[PDB]
Amino acid sequence: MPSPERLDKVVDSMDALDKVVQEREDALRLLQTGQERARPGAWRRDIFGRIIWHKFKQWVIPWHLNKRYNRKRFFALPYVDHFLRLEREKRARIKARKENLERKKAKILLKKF
Amino acid sequence: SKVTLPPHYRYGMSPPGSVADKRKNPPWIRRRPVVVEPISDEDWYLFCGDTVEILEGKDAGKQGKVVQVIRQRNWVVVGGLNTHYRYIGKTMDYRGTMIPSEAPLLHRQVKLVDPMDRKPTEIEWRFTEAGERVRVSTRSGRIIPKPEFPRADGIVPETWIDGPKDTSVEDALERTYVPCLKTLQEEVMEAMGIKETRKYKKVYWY
Amino acid sequence: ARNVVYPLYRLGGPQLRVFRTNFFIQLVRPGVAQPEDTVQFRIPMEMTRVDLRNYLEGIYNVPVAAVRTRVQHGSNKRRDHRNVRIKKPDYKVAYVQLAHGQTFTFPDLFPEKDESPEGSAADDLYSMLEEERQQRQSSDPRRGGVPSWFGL
Amino acid sequence: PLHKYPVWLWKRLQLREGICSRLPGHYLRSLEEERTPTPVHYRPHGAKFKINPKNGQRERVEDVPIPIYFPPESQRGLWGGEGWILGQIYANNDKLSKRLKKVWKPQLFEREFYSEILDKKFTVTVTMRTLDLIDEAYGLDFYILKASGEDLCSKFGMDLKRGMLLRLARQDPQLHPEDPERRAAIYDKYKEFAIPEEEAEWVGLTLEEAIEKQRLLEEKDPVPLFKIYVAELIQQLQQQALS
Amino acid sequence: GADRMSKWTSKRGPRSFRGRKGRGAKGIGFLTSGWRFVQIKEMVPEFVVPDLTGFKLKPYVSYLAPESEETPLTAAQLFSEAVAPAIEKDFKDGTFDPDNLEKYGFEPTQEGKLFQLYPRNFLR
Amino acid sequence: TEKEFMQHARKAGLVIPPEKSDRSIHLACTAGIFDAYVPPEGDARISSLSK
RNA sequence: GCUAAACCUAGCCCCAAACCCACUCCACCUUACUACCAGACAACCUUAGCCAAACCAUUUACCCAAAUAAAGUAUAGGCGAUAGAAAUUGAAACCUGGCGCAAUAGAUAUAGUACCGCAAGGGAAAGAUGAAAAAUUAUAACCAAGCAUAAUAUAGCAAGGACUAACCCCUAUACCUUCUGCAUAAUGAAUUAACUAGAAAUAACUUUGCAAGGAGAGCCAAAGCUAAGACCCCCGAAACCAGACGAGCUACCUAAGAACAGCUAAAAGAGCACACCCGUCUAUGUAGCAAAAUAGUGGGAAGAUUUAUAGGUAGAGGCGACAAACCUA
RNA sequence: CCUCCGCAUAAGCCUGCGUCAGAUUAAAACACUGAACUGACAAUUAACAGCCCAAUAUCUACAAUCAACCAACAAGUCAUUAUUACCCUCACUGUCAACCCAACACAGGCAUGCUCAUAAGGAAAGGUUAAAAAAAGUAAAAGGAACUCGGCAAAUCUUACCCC
Ligand SMILES: [Mg+2]
Ligand SMILES: [Mg+2]
Ligand SMILES: [Mg+2]
Ligand SMILES: [Mg+2]
Ligand SMILES: [Mg+2]
Ligand SMILES: [Mg+2]
Ligand SMILES: [Mg+2]
Ligand SMILES: [Mg+2]
Ligand SMILES: [Mg+2]
Ligand SMILES: [Mg+2]
Ligand SMILES: [Mg+2]
Ligand SMILES: [Mg+2]
Ligand SMILES: [Mg+2]
Ligand SMILES: [Mg+2]
Ligand SMILES: [Mg+2]
Ligand SMILES: [Mg+2]
Ligand SMILES: [Mg+2]
Ligand SMILES: [Mg+2]
Ligand SMILES: [Mg+2]
Ligand SMILES: [Mg+2]
Ligand SMILES: [Mg+2]
Ligand SMILES: [Mg+2]
Ligand SMILES: [Mg+2]
Ligand SMILES: [Mg+2]
Ligand SMILES: [Mg+2]
């Protein structure tokens with residue numbers, strides 16, 4: 001390609017324009033409604049016991065009579081606490097091994113230098 | 001453009017985005033990394049463009065200028081001083097033209113020299129009370145300004161000529177924004193004359 | 001626009017109008033034989049026929065007659081070093097045709113290699129290399145193998 | 001690695017976290033009380049020390065509870081301190097035979113009661129011990145209001161208790177006007193309790209129901225920042241003008 | 001065995017699966033009882049392209065443009081730039097009323113006008 | 001039973017310094033000579049002091 | 001000298017401290033990686049089993065409240081292999097490492113990647129020059145198992161005694177083990193490199209220290225008490241329970257379809273016979289084309305026949321025109 | 001020379017003998033260069049089958065087998081009415097191939113239509129000599145089961161008796 005930098009320049013220019021218009025929209029929404037993130041939702045717990053942010057899909061009929069939305073469960077049920085504890089222990093082991101690696105690197109740096 | 005580098009990639013003079021770099025260490029070999037001095041960004045006094053001096057080596061006590069700096073392994077090169085010998089053009093029946101190539105050096109082997117007396121002198125970072133941050137000497141108390149080096153854009157602004165697809169300057173700095181309580185969509189709709197009579201009914205969100 | 005949640009249209013609602021679109025079409029030269037009226041493009045995976053017609057008649061203002069698109073599946077067989085398949089990004093090519101019977105060909109952006117400006121940081125090295133090649137290539141088989149440096 | 005807190009303190013940690021920490025003090029105390037119930041399926045020992053035969057030496061004795069099971073039919077109705085006992089029974093009352101498993105079931109009598117505080121009849125599959133406790137407590141309302149949460153072992157009992165407490169606290173007209181003397185006599189008969197309104201609403205609720213109620217009370221739609229901005233602006237202009 | 005690591009496209013299922021999968025295309029209508037498509041003209045995204053006749057602005061900026069500091073455009077700056085002068089003007093004379101604020105651009109609800117911000121009725 | 005041969009290299013020096021870089025080469029000489037000196041034809045005959 | 005041998009770093013295990021996290025836009029409960037439509041039913045339950053008592057039917061620490069002495073005391077226990085407290089003096093806040101290792105070790109990990117089954121799941125080796133590879137230089141070579149350089153020369157468990165010289169002269173039945181007796185024609189072995197197999201109490205022995213007292217609370221004592229040293233293997237089965245998975249091959253059932261030339265067609269769960277369903281025999285191979293094949297001689301082929309699609313019946317069972325046949329070789 | 005094959009539909013990962021450079025090394029059971037390859041170029045555009053049906057009440061016993069004689073039994077594969085509301089319209093999934101399941105480029109297996117051999121498609125043989133042995137094919141002066149436990153491949157074309 002003769003000049004590939006022009007493509008990246010146009011890309012970052014359009015990204016900056018998108019960021020500017022999004023910031024303007026957010027400022028106008030805060031000055032009018034006063035709530036961040038135009039996509040509504042709430043913190044709901046799924047079956048896997050993970051605290052995720054469920055996004056609304058915007059339906060026509062309400063939720064108390066829908067057939068497909070009622071099949072979407074939102075409860076942990078006492079059988080995922082063990083899996084959550086095991087995941088927490090695994091992440092704790094990961095963090096401890098990372099801290100041990102950092103300490104070993106610091107010791108090597110202090111020993112050689 | 002944006003390629004993810006390995007966590008233990010060896011920097012060997014050549015930039016990561018080159019054919020020789022991909023030929024040297026392809027993403028398949030994980031050789032022993034080289035531990036370097038953990039130098040911060042505020043203590044890095046030597047730049048690219050200022051004159052330096054080789055401490056020891058095959059030609060100690062000589063002066064020279066730096067043309068490229070490396071912050072990953074603290075590698076600096078001198079403008080045709082501590083160099084060796086190699087060959088550029090090499091074929092299967094004829095090769096020659098010996099062109100010397102520079103060799104990188106460490107920060108412990110390079111000291112900054114003041115242009116007043118041309119002598120090696122340790123330079124510290126003394127924050128001036130005027131506002132800016134420059135380099136002040138230690139045993140001499142002298143100031144060494146930042147060397148003027150061309151940026152990586154490869155173009156100087158003292159002779160730039162605006163092209164066909166390049167705008168001027170009196171239009172990019174023209175105050176045309178009017179702060180109001182109107183969205184961009186409705187504004188560009190009412191500015192072009194687009195009207196709408198019907199409204200939007202009630203909708204749920206779940 | 002792509003990757004944007006579309007508003008739910010109600011029976012009798014306003015017209016769905018988009019201002020800042022997020023579509024990137026690519027004019028690709030046809031590989032096989034094609035007539036003079038059929039033009040081949042490349043639209044993203046989130047674009048239909050009427051959307052392409054409006055995009056071509058609103059910006060470029062090109063009279064479009066018919067649009068026939070299809071999905072192209074990229075290759076997936078190239079293996080890396082750790083024995084893993086490499087997935088190629090897919091795309092959707094288009095085949096639009098003009099309306100007023102106009103003709104359109106694909107010019108070349110390349111036959112113009114007449115450039116020889118002043119080169120000091122690139123052409124000088126090549127000039128030195130070719131001069132050395134012309135001055136060194138002077139072997140003599142009658143010598144046998146003795147160097148041609150000693151004048152004695 | 002090792003944990004900082006034991007595995008039996010995570011419930012207390014979650015209660016002391018954030019959303020579960022905004023609960024009132026009385027509700028948290030009633031939840032963390034944890035008191036042993038009354039012996040039903042076993043006779044408790046008299047004194048803490050019992051003189052056993054064969055050897056003239058005193059030894060300390062203790063009364064251990066019986067792990068009983070509570071089916072949802074117990075939570076729906078009003079049962080006593082009994083339930084399902086999933087234990088084991090030998091053959092001919094001897095340990096030198098076969099160890100079989102036997103599960104006892106209480107007796108259910110579908111009767112009909114009449115609450116004086118609520119003035120409404122309910123059909124509850126009552127047993128025998130519950131009827132005995134009602135007869136000893138001189139009515140159903142007294143049996144419901146005197147027995148604590150560890151004695152009903154049912155959700156309907158706690159709901160009835162909370163309803164009676166709210167009716168006695170709010171002083172809401174139970175029956176109807178034209179005869180306030182009956183309502184006055186009913187309120188005077190049940191005057192040895194009178195739990196305040198701010199504490200009677202959190203009696204018998206579970207953890208999930210309490211969290212839901214606290215979230216509904218602490219809902220509050222986000223107020224637009226325009227009002228706060230104009231308030232700060234008018235305050236600043238008044239401060240810069242009056243000086 | 002069959003593949004597992006690859007995603008589920010539209011070239012894997014039999015005759016009963018080609019159709020309901022798709023490639024994420026946005027529907028602009030529905031179907032009827034005669035195997036026909038009822039396309040609604042109010043569901044297709046209409047591209048609004050303004051006129052580009054007298055527009056003197058190139059997509060590339062010249063290198064002679066001076067740089068400046070970068071700062072986000074928060075809501076407080078827009079408020080103090082738009083509504084603050086009008087409020088100060090109407091209060092300095094003696095006619096401001098904290099009961100009505102609909103004359104400054106504030107809307108108590110979003111169900112009155114068309115382009116709502118919190119539910120976002122406009123596409124992009 | 002699935003191994004191949006590695007080590008893929010070439011023995012030829014191509015161009016790579018000036019391909020998208022900001023560091024040139026500081027030479028110390030040139031290609032050939034500036035102007036070729038033409039000695040006199042009677043140099044061997046007049047190899048004395050002067051004539 | 002070819003084959004090929006070593007070059008340390010991703011880090012790996014446990015301590016002390018600290019409580020650790022989860023939306024950039026879109027998609028994720030139906031055929032997850034799918035924008036858009038009318039019955040809201042879905043958790044609340046003694047775990048079991050192996051082993052031991054030389055069997056085994058009672059029994060067998062595992063129960064999640066900090067040490068110790070009491071104390072392995074009273075007790076429970078086919079009163080036996082074992083289990084086991086309580087009452088009681090009491091329990092000094094804060095400091096950043098390895099008398100552990102370096103790719104057959106240490107997490108399996110560069111990774112839960114390839115590969116196997118529809119499925120749960122199982123699951124392995126990787127990377128070595130250099131300050132300057134923008135130094136493609138000339139060197140640093142030298143050691144195991146396999147080879148040429150440099151084949152054999154009569155005789156003999158490959159060995160010893162020897163002489164001026166390999167053979168020629170004499171003697172001499174490989175290695176560990178269940179076994180009285182093994183090279184026996186019993187068991188194991190092609191080599192090299194890495195790895196792999198004696199962990200511990202009461203009572204005993206020796207040597208310091210103190211002493212009718214010893215011992216850093218508790219215990220012992222008619223020469224005792226404290227401390228130290230010294231000591232007791234590895235691998236290899238059929239069986240049982242608990243939590244999840246399978247009728248896409250095969251057994252049965254259900255709903256909608258398809259298949260069967262021609263002749264004799266006696267009206268037919270008729271005959272010969274294409275395609276088709278199964279395979280009685282010969283010959284070929286058993287590391288083959290194939291972890292069940294090749295041609296005919298074979299029975300049926302208008303019906304108790306075969307088949308494309310979708311669903312259901314699964315182990316204390318499913319199914320069964322009953323072979324203890326089948327339930328992914 | 002074979003065609004006991006091929007072309008489409010049904011099921012199936014989806015780019016798997018088109019071009020270019022490398023073809024020094026690497027996979028062809030050896031070579032050319034290519035069905036056991038590295039990177040770049042783009043194929044397939046629907047009309048084919050799907051993506052389906054606004055409700056309230058009500059209606060549907062005289063098969064198919066040329067369906068016209070006759071004849072049945074296993075008693076059977078197809079249909080509407082009254083009312084209310086609705087005149088915006090052509091979007092989406094694939095159209096390549098020498099291909100699937102068996103660890104494979106396997107003498108194994110796969111549902112329907114088309115001429116049941118043709119207009120589809122491929123090569124039992126690398127060369128040299130004719131060792132022994134083995135396997136697959138034609139027949140033989142006289143006997144035609146006298147060899148073998150038994151008619152065990154084979155071709156003639158084959159009757160009667162007994163048990164179940
Ligand atoms: Mg035993
Ligand atoms: Mg105690
Ligand atoms: Mg390892
Ligand atoms: Mg391993
Ligand atoms: Mg050797
Ligand atoms: Mg001898
Ligand atoms: Mg041994
Ligand atoms: Mg043995
Ligand atoms: Mg023996
Ligand atoms: Mg032997
Ligand atoms: Mg033996
Ligand atoms: Mg052997
Ligand atoms: Mg089946
Ligand atoms: Mg059967
Ligand atoms: Mg028949
Ligand atoms: Mg037949
Ligand atoms: Mg039988
Ligand atoms: Mg086709
Ligand atoms: Mg096979
Ligand atoms: Mg042909
Ligand atoms: Mg051949
Ligand atoms: Mg041959
Ligand atoms: Mg004969
Ligand atoms: Mg005979
Ligand atoms: Mg025969």
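Numbering of residues starts from 1 on every chain and follows the written order of that chain's sequence, so it may differ from the entry's own numbering; residues lacking coordinates are omitted. Labels are handed out in written order, letters beginning with A for the chains and numbers beginning with 1 for the ligands. The structure shown is incomplete relative to its larger assembly, and all values pertain to the part shown. Only hydrogens and water are set aside; all other atoms, that is, all heavy atoms of the structure, feed into the side-chain values. Residues with missing side-chain atoms are left out of burial classes, side-chain pairs and their counts.

In its metadata, the entry names cryo-EM as the structure determination method and reports 2.97 Å as the resolution.

Under the PDB entry, the name given to chain E is 39S ribosomal protein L41, mitochondrial, and the source organism is Homo sapiens. Listed in the archive, the entry goes by the title "Structure of the human mitochondrial ribosome-EF-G1 complex (ClassI)". UniProt positions are given in the numbering used here, feature names are shortened, and annotations may be inferred rather than shown by experiment. Looking at chain E in UniProt, the text filed under Subcellular location is "Mitochondrion". You can read under Sequence similarities in the UniProt record for chain E the words "Belongs to the mitochondrion-specific ribosomal protein mL41 family."

Named according to the PDB entry, chain A is 39S ribosomal protein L47, mitochondrial originating from Homo sapiens.

K.L.:
Honestly, the overall build of chain E in this entry has me stumped. Any pointers?
P.N.:
A tally of helices and strands in chain E yields one helix and three strands. Numbering goes from the N terminus for both helices and strands, where a helix is a DSSP run of H or I of at least four residues and a strand is a run of E of at least two. For chain E, the N- to C-terminal ordering of α and β elements is β-β-β-α. Atoms counted for the radius of gyration: C-alpha only. Globule rule: 2.2 Å times the number of residues to the power 0.38. Compactness check: chain E gives a C-alpha radius of gyration of 27 Å against a globular reference of 14 Å for 124 residues, more than 25% above the reference. Along the three orthogonal principal directions, the C-alpha set of chain E runs to about 80 × 50 × 40 Å. The burial tally for chain E puts 25% of its 124 residues in the buried class. We get accessible surface area from the Shrake-Rupley algorithm with a probe of 1.4 Å; when it comes to residues, only the shown protein chains can shield them. If you sum the accessible surface of chain E, you get close to 9500 Å²; carbon and sulfur atoms cover 54% of it. Categorising residues by exposure relies on relative accessible area from a 1.4 Å probe, with only protein chains included: less than 20% of the type maximum marks a residue as buried, more than 50% marks it as exposed, and the intermediate range marks it as partly exposed.

K.L.:
Just checking my understanding: could you explain empty space enclosed by the protein for this structure?
P.N.:
Which parts of space are left empty comes out when a probe the size of a water molecule is rolled across the atoms. A cavity, in this analysis, means grid points on a 1 Å lattice covering only the protein atoms where a 1.4 Å probe fits yet has no way out; a pocket is instead an open set bounded by protein on both sides within 12 Å along at least five of seven lines, and a residue lines either one if it has an atom within 4 Å of a point. Grid points are joined across faces, edges and corners, and a volume is the space filled by probe spheres set on the points. Put simply, the largest cavity is a space of about 100 Å³. In this structure, the largest cavity is lined by 14 residues; those nearest its centre are D:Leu78, D:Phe113, D:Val124, D:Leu140 and D:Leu160. Elements with a minimum of two residues in the lining of the largest cavity: α4 (129-136), α5 (140-146) and α7 (155-170) of chain D. Per-element accounting of the lining of the largest cavity gives the leading share, three residues, to α7(D). By the convention adopted, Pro, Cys, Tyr, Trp, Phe, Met, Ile, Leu, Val and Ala count as nonpolar, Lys, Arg, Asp and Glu as charged, and the other residues, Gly among them, as polar. Of the residues assigned to the lining of the largest cavity, the class counts are eleven nonpolar, two polar and one charged. Estimated volume of the second largest cavity: approximately 50 Å³. Together, C:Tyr6, C:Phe23, C:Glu46, C:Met47, C:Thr48, C:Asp51, E:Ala25, E:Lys26, E:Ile28 and E:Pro45 line the second largest cavity. Grouping the amino acids of the lining of the second largest cavity by side-chain chemistry returns six nonpolar, one polar and three charged.

K.L.:
In this structure, what is going on with a positive patch on the surface? I would like to understand it.
P.N.:
All names here are of chain A. Note on patches: the residues involved have over 30% relative accessible area and no salt bridge, like charges join within 9 Å, and the nonpolar side chains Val, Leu, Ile, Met, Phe, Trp and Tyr join within 5 Å. The term salt bridge refers to a pairing of a side-chain nitrogen on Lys or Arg with a carboxyl oxygen on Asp or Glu at a separation within 4 Å. Only four residue types enter the tally: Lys and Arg on the positive side, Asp and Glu on the negative side, with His and both chain ends excluded. Positions of charges follow a simple convention, taking NZ of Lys, CZ of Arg, CG of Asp or CD of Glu. Together, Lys57, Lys67, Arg68, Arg71 and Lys72 line one region of the surface with positive charge. Summarising the element assignment, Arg71 is placed in the loop between β2 (51-55) and α2 (81-112). When its relative accessible area of 54% is taken as the criterion, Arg71 is described as exposed.

K.L.:
Is there a simple way to think about the protein's contact with RNA strand H in this case?
P.N.:
A single heavy atom is enough: if one lies within 4 Å of a molecule or strand, its residue is considered near that molecule or strand. In the region of RNA strand H, 43 residues are neighbours, and C:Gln40, C:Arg49, E:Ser10, E:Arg15 and E:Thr32 sit closest. E:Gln39 has a polar backbone atom sitting 3.3 Å from a sugar or linking oxygen of RNA strand H. Here a polar contact means two N or O atoms within 3.5 Å. Within protein one must be a hydrogen donor candidate and the other an acceptor candidate, and residues neighboring in sequence count only if both atoms are side-chain atoms. One nitrogen or oxygen atom from the side chain of E:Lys41 is found 2.9 Å from a phosphate oxygen belonging to RNA strand H. Listing elements by their share of the surface near RNA strand H, those giving two or more residues are β2 (38-43), β4 (70-72) and β5 (91-98) of chain C together with β2 (37-39) of chain E. Counted by class, the surface near RNA strand H contains ten nonpolar, 17 polar and 16 charged residues.

K.L.:
Just checking my understanding: could you explain the interface of chain C and chain E for this structure?
P.N.:
The accessible area lost on association of the parts is a frequent measure of interface size. Listed by partner, the interface residues are 29 residues for chain C and 22 residues for chain E. Our enumeration of links across chain C and chain E arrives at one salt bridge. Salt-bridge contacts for E:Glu46 lead to C:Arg17; the nearest nitrogen and oxygen are separated by 3.8 Å. Linking chain C with chain E are seven residue pairs in polar contact, by the criterion used here. If you list the elements that add at least two residues to the side of chain C that touches chain E, you get β1 (17-18) and α1 (49-60) of chain C. The element that contributes the greatest number of residues to the side of chain C that touches chain E is α1(C), accounting for six residues. In terms of residue class, the side of chain C that touches chain E is built from 16 nonpolar, eight polar and five charged. If DSSP finds at least two bridges between two strands, the strands pair. Bridging between β1(C) and strand β3 (residues 46-47) of chain E involves two bridges; their strand directions are parallel. The partner of C:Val18 across the bridge, within β3(E), is E:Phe47. Contact between two residues is taken to exist if any of their heavy atoms lie within 4.5 Å; hydrogens are not considered.

K.L.:
How should the pairing of strand β7 (residues 123-126) of chain D be read in this particular structure?
P.N.:
When a strand is regular, its side chains alternate between the sheet's two faces. Residues and elements named next belong to chain D. Across the two faces of β7 the burial differs, with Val124 and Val126 buried and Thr123 and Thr125 not buried at all. Alignment of strand β6 (residues 109-112) against β7, held across four bridges, turns out to be antiparallel. By the bridge assignment, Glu112 is partnered in β7 with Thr123.

K.L.:
Whenever I open this one, the sheet that holds strand β4 (residues 84-90) of chain D confuses me. Can you help?
P.N.:
Paired through their backbone hydrogen bonds, the strands of a sheet run either parallel or antiparallel. All names here are of chain D. Taken in spatial order, the three strands make up an open sheet running β3-β4-β5, and their pairing is antiparallel. The outermost strands of the open sheet, each flanked by one partner alone, are β3 (68-69) and β5 (99-104). Sheet analysis places β4 next to β5, joined by six bridges and oriented antiparallel. In the strand pairing of β5, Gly87 is matched with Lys102.

K.L.:
Would you mind showing me how to read helix α8 (residues 180-189) of chain D here?
P.N.:
Quick reminder: α-helices carry 3.6 residues per turn. Residues three or four places apart thus point the same way. All names here are of chain D. Buried within α8 we find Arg183, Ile186 and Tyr187. Looking straight down α8, one finds its buried side chains confined to an arc of 95°; they lie on one side. On its buried side, α8 packs onto α7. This arc describes the spread of directions from the helix axis toward the C-beta atoms.

K.L.:
Is there a simple way to think about a nonpolar patch on the surface in this case?
P.N.:
On the surface, A:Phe75, A:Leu77, A:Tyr79 and A:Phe83 cluster together to form a nonpolar patch covering roughly 430 Å² of accessible area. Mapping A:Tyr79 onto the fold places it in the loop between β2 and α2.

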